[PDB]
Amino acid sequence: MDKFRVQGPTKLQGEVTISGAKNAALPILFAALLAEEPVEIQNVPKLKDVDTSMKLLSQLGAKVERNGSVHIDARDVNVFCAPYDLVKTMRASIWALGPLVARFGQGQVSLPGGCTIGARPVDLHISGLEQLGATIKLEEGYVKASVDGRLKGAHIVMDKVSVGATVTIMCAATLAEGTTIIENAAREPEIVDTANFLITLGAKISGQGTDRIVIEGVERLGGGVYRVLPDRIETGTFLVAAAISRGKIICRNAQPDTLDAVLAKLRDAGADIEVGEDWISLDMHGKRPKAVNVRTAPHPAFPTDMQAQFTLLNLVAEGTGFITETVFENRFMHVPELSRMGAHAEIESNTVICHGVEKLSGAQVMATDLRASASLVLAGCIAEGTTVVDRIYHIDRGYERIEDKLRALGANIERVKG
């Protein structure tokens, strides 16, 4: 277990270049199982989840290689059982199931891992795929899916909003016979990106980014080149880093329209924000943030993947702020870790009530999941003294070179063995 050792307080100031989105790179990598000619995916972050997906892909029979891009040749996929050891390490592995079924008529994928922030069922993926014509059973721990012949498109009303199940159904639909309509579709920018990737390959899709997507199945998808959009959560995290540290930053290679709610909330906190076409600047003008209220919800509302980060901002802000998490039922694990650093929070139900303090103290804390870990490192940067964040591998699932990026803003961080 690597740990980060952080020494504060430090103010965070400067610039950062945003990497491709974790959560777009991932569904695109799996969507490439559909492709029957080679694909190049540009602007792909170097993340643990990306490495594992490439390995998983390779074990199905794909030819895979990366640099700034990931190259995938999926023409000769010939294994339909995903490797369990890889699947259990992340959420995104669930996305092998859909394409394997749609293209090959069968697939077997065990239940995913990922962030331990809820029970995280996959029932809507399974329901969707069944509505498209698949037969599914859970056996030995695998989700085992099949269909004789093609899937058949269907009108599918999603019972609840779900990013991942939207991707599964949209992807599988691209090779079904007929038309699929997804109602109550997730609107996240990563589904738009995924959809636009698919279209590059020859898919017929419209409505992505709205609550309804329409897909007309085609016989085969081709190949192509596609560049992944910037990471909005990595963006938001670095904007929070400057905001809590009374700083200023510019974020380069950004996409500001994927952050409306976040930027507004940062303005509410007292931040001076400007945006251009592909960059965002934040300036606190030396001031401590003001407390804000937040309620998480699906895009384009305030994102659950920025909740932990805003927890911390509210805990060193001026005032009382209320943060309500509606999307996941166990995503306050960062809170007691913050309380070990002197924070004043109280949880009531799905809400953390935060009373901001001027300064935190250094402490031995432990990362529980990707965004909690980032949050605890940011805490360590502004806290007095030394913080040791244990189990920092979590961070590497979602941030390329966080240590380097933060270092470049002024942080004093060390990565340490154990």
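One rule holds for the numbers: they count along the sequence shown, beginning at 1. Here, rigid core means the biggest group of C-alpha atoms that superpose within 1.5 Å across both forms.
A.B. asks: Do the Cα atoms of 124-132 or of 86-94 sit farther, on average, from the shown structure in 4 other deposited structures of this protein when the rigid core is superposed?
C.D. replies: Checking 124-132 against 86-94 in 4 other deposited structures of this protein, I find the farther stretch is 86-94.
A.B. asks: Do the Cα atoms of 109-117 stray more than those of 334-342 in 4 other deposited structures of this protein, or is it the other way round, with the core held fixed?
C.D. replies: Clearly, after the core fit, the stretch farther away in 4 other deposited structures of this protein is 109-117.
A.B. asks: As stated in the PDB record, which stretch has the larger average Cα B-factor, 328-336 or 280-288?
C.D. replies: Mean C-alpha B-factor is greater for 280-288.
A.B. asks: Do the C-alpha atoms of 392-400 or of 406-414 have the higher average B factor in the entry?
C.D. replies: Between 392-400 and 406-414, it is 406-414 that shows the higher mean C-alpha B-factor.
A.B. asks: Among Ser349, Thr368, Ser53, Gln42, single out the one with the highest C-alpha B factor in the record, please.
C.D. replies: When the deposited C-alpha B-factors of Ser349, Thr368, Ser53, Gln42 are compared, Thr368 is largest.
A.B. asks: According to the deposited entry, which of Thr320, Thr194, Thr168, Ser110 has the largest Cα B-factor?
C.D. replies: Top of the list by C-alpha B-factor: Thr320.
A.B. asks: Using the temperature factors of the C-alpha atoms in this entry, rank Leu86 within its chain: lowest, middle or highest third.
C.D. replies: According to the entry, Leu86 has a C-alpha B-factor in the chain's middle third.
A.B. asks: Taking the entry's C-alpha B-factors for this chain, is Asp272 in the lowest, middle or highest third?
C.D. replies: Its C-alpha B-factor, which the entry lists for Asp272, ranks in the highest third among residues of this chain.
A.B. asks: Within this chain's modelled residues, let me know which third the CA B factor of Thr10 belongs to: lowest, middle or highest.
C.D. replies: Tercile = highest for this residue's CA B-factor.
A.B. asks: How does the C-alpha B factor of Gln255 compare with the rest of the chain: lowest, middle or highest third?
C.D. replies: It belongs to the middle third of the chain when residues are ordered by C-alpha B-factor.
A.B. asks: Please say which third, lowest, middle or highest, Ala35 falls into when its CA temperature factor is compared across its chain.
C.D. replies: For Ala35, whose C-alpha B-factor we compare with every modelled residue in the chain, the answer is the middle third.
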